[PDB]
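Next up is one chain by itself, shown in C-alpha cells, the form deposited in one PDB entry.
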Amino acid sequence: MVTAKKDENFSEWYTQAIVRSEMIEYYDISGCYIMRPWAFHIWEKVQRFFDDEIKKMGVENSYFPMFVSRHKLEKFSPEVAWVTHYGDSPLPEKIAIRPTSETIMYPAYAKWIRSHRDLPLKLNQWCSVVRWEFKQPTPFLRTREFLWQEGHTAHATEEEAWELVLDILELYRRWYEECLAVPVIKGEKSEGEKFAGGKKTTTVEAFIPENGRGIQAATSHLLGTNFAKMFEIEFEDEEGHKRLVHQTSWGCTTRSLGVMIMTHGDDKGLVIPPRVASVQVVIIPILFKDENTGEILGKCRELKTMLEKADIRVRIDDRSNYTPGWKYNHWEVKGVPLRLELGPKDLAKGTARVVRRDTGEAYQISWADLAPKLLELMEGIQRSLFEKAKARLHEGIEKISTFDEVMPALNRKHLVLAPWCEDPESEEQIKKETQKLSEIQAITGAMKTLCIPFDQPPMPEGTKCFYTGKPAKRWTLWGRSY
C-alpha cells in the first residue's frame, strides 16, 4: 500500500509508511501525533530494556510534577508552553509545562543532599515533555510533545560521575543496536554544540542515508559542579568540609522509534526488528470467501499455541472478505518480520511456508520444527538488519583532508570525517560558509559537527586541520543534521 519510493520521495514515503502501518494518527494540533499500539509496543519494549538496565545500576524511578512555576524555571525561552488560566480564572503566576526537569528536580536535590552518606543520588523519570519547536515537525524525530526518560545523578567525585556517564552511553548504544538494530557512533560533542549547563557532553549519533542527515540519538552529560553552585547542592564530606556535588544528566526520547523506521524500511513499507516487534509471526490462513470449514483455522490455532509456548508473539489474521494476497501486503506494510502461510496443501503435507520480511526468502518447515526454526530465523533477521544497516552507515561517511572535499561529499548526501583543530570560532565559520555555499548551489543546509568519535581512525604525524590549517587534534564527524 506504499506508493512513494523510499530513495526518491523520502518524506512522502515516511508519512505514508507511518500512517498505513497503523503506527501514528495525525492530530489537529501541529507537531503532535497519536501513537497507536503498533509503535507504542516498540516504545514499551525499549523502555523495559533500559529500565531493567538502570535498575541494575541502582538508579531509582520517580515522578516530579509537569508544572514548574515561572520564578523556578527562570534563574530556550521561546519554546516554553505557559499556563495562565484555570477555567476563566487567571493564575497569580504563570506556570510552565515541563520542557525538562532540572529546575524542578535540583531544588529537591539541594534539600535531600546534606552529607556524604546521601551520595550518590541516582534518579530517573519516564515522562512526556512539551517544547514549541520552531523547526518544522517530523513524527517521532521532532515533535512538540514527546515521550522520554531523563536521568539525573549526583556523586561525591567527578570520576564516579564520569563512569556513570559512560555506562549510560553504553546503555544507549545497546538501546539502539541490540533492541532497534540501528548502528550508532559514540562521540564527544564540540564545545559549541554541547549542553551549555555542563562540562562535557557525550552522545550517540545515527545517520539517515536517504537525505544524508545526521541525527542525535541520545545524550549523556558530565554536568560537573556548576548546577550544584547554581542550586546550592552541597554536602559535608568526612572531614566536615562543604563540597559541591558532581552531577550527570542523560535522556532519550521516542525519536529512536523514528530512527528505526528510517533505517530498516523499504519500498513495501516498514521492517520491524523481531526484538521489538508487537507481532513477530503472523499466521495467515489461505482462505477465500464464505468457506471456512474449521480445518485450517483449527490448525492455525494449534500452531499459535505451539509458537507461544516458545515465547514468540503471534497473531492469526483470520479476517473475512480479505484475500490472502491483501493480508500479505497488509502485514508486509506493517513490517511483521515473519509471515506464516498455512493452506490446504500445507495441511495435507504437515508443513507451513514461512516468508522473511527483510529478504523475502521462503522456507518450507514441518510443524514439529516450527518453533526452533522460527527462533533461529528471528535472530538471523535481527542480526542481518543490523549488519546491512551498519554497512550503509559506514558507506555514508567520507574521510576527507581539505575543505575543498566538503561540498561534493555533502552533495552525495554523506557525512564527512575530517581532522579538526577543535577551536570554537572555526565551527561557526564553517557552518556559515557551508550554509552560504549551500544556498548558492540550491536549485538548514549548514554543516555542523555531529561528534568527536571515541573510535578514532589513525592520525598520521603532522596532519593539519581541514579548515584552519592548524595542527589537527582528532577526527571529527560533520554533516547536515536534524
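Between two forms, the rigid core is the largest collection of C-alphas that superpose within 1.5 Å. Numbers follow the displayed sequence, beginning with 1.
Another form exists, deposited in another entry; not displayed. Remarks below refer to it.
- When both forms sit on the same rigid core, the CA shifts between this form and the one not shown reach 2 angstroms or more only at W326 out of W126, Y363, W132, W326.
- A displacement of less than 2 angstroms separates the C-alpha positions of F195 between this form and the one not shown, with the rigid core held in common.
- With a cut-off of 2 Å and the rigid core superposed, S115 has a Cα displacement that falls short of the cut-off between this form and the one not shown.
- After superposing the rigid core, the Cα of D404 is displaced by less than 2 Å between this form and the one not shown.
- In that other deposited form, the CA atoms of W38 and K289 sit farther apart than in the displayed form, by at least 3 angstroms.
- In contrast to the form presented, in that other deposited form the C-alpha positions of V333 and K289 spread farther apart by 3 Å or more.
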